[PDB]
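**Q**
Number of protein chains: 2
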Amino acid sequence: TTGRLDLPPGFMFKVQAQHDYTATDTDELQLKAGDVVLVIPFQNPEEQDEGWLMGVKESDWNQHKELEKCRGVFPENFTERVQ
Amino acid sequence: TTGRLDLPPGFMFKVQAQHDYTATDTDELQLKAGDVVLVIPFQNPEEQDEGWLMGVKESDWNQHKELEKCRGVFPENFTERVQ
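Chains as they are written, first to last, in PDB author numbering: chain A, 12 to 94; chain A', 12 to 94. A prime marks a further copy of an entry chain.
1. Could you work out which residues of chain A' lie near residue 86 of chain A, taking near to mean beta carbons separated by less than 8 Å?
2. Need the endpoints of the beta strand (DSSP E) that residue 91 of chain A' sits in, please.
3. Using a C-beta to C-beta distance shorter than 8 Å, which residues of chain A' count as neighbours of residue 35 of chain A?
4. Rounded to whole angstroms, what's the CA-CA distance from residue 82 of chain A' to residue 46 of chain A'? Just pull it up for me.
5. In whole angstroms, what separates the C-alpha of residue 49 of chain A from that of residue 89 of chain A'?
6. Measure the C-alpha to C-alpha separation of residue 65 of chain A and residue 86 of chain A and round it to an integer number of angstroms.
7. If I follow the unbroken alpha helix (DSSP H) through residue 78 of chain A, where does it start and stop?
8. Can you list, in chain order, the residues of the segment 55–80 of chain A' whose Cβ is nearer than 7 Å to any Cβ on chain A?
9. What's the gap between the Cα of residue 51 of chain A' and the Cα of residue 30 of chain A'?
10. Note down the Cα distance separating residue 63 of chain A from residue 56 of chain A, rounded to an integer number of angstroms.
11. Check for me: the alpha helix (DSSP H) holding residue 69 of chain A' runs from which residue to which?
12. What is the DSSP secondary structure of residue 39 of chain A, counted as helix, strand or coil?
13. With distance defined between alpha-carbon atoms, name the residue in A:21, A:67, A:53 nearest to residue 61 of chain A.
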């Protein structure tokens, strides 16, 4: 895998998981400590819960998987801002 | 199952899970939305991570399971204080 130049629409910033997170639902992102995540906006605010972000793993993004199928929510305090 | 009167040593307060949490490690507590948790102190502070609590599910406690084997850490913002 390479490094794609363009970033997802609405890209805000990059986070790295500091702790594993196991998805409990289909709309959640599964993480491993070390994963880089590209944070993007919620596409519906009524699904937005305090303490949660919406993202797409950098890995998925670089392999050009479709964004609607790969993005998911995760707890902000399992990560820290990077880059 | 009944309602035991005594509370675990160091008991601080009671929380209820607002979202499921799947343990990713043996020292973490597995929760379901609705579970009541009895919050207790960390027995070693070098294992204490910001944003995390130590607890024992009320269910386990009421069935007199051993405390050292049933307690675990969980993310504070998956819960809210009750009672």
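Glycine included, every Cβ here is placed at the ideal spot set by N, Cα and C.
**A** So, from the data block:
1. Taking the first residue of the first sequence as 1, we reach residue 86 of chain A at position 75. 86, 88, 89, listed in chain order.
2. Start at 1 with the first residue of the second sequence, and residue 91 of chain A' comes out as number 80. Residue 91 of chain A' -> beta strand (DSSP E) spans 90–92.
3. Position 24 of the first sequence holds residue 35 of chain A. Under the 8 Å cutoff, chain A' gives 30, 31, 32, 33.
4. What you label residue 82 of chain A' is simply residue 71 of the second sequence in a count that begins at 1. What you label residue 46 of chain A' is simply residue 35 of the second sequence in a count that begins at 1. Residue 82 of chain A' and residue 46 of chain A': Cα-Cα distance of roughly 14 Å.
5. Your numbering for residue 49 of chain A matches position 38 in the first sequence. Your numbering for residue 89 of chain A' matches position 78 in the second sequence. Separation of residue 49 of chain A and residue 89 of chain A' (C-alpha to C-alpha, rounded to the nearest whole angstrom) is 23 Å.
6. As a working note, residue 65 of chain A is residue 54 in the first sequence. As a working note, residue 86 of chain A is residue 75 in the first sequence. So the alpha carbons of these two residues sit roughly 9 Å apart.
7. In the first sequence, counting from the first residue as 1, residue 78 of chain A sits at position 67. Per DSSP, residue 78 of chain A belongs to the alpha helix (DSSP H) from 78–81.
8. 62
9. As a working note, residue 51 of chain A' is residue 40 in the second sequence. As a working note, residue 30 of chain A' is residue 19 in the second sequence. Each residue's Cα considered, the two are about 20 Å apart.
10. Here residue 63 of chain A refers to the residue found at position 52 when the first sequence is read from its first residue. Here residue 56 of chain A refers to the residue found at position 45 when the first sequence is read from its first residue. The alpha-carbon atoms of residue 63 of chain A and residue 56 of chain A are separated by roughly 12 Å.
11. One-based indexing of the second sequence puts residue 69 of chain A' at position 58. Its alpha helix (DSSP H) spans residues 69–73.
12. Against the first sequence, residue 39 of chain A aligns to sequence position 28. Residue state, collapsed to three classes: strand.
13. Working through the first sequence from its first residue, we reach residue 61 of chain A at position 50. Taking only the C-alpha atoms, the option nearest residue 61 of chain A is A:53.
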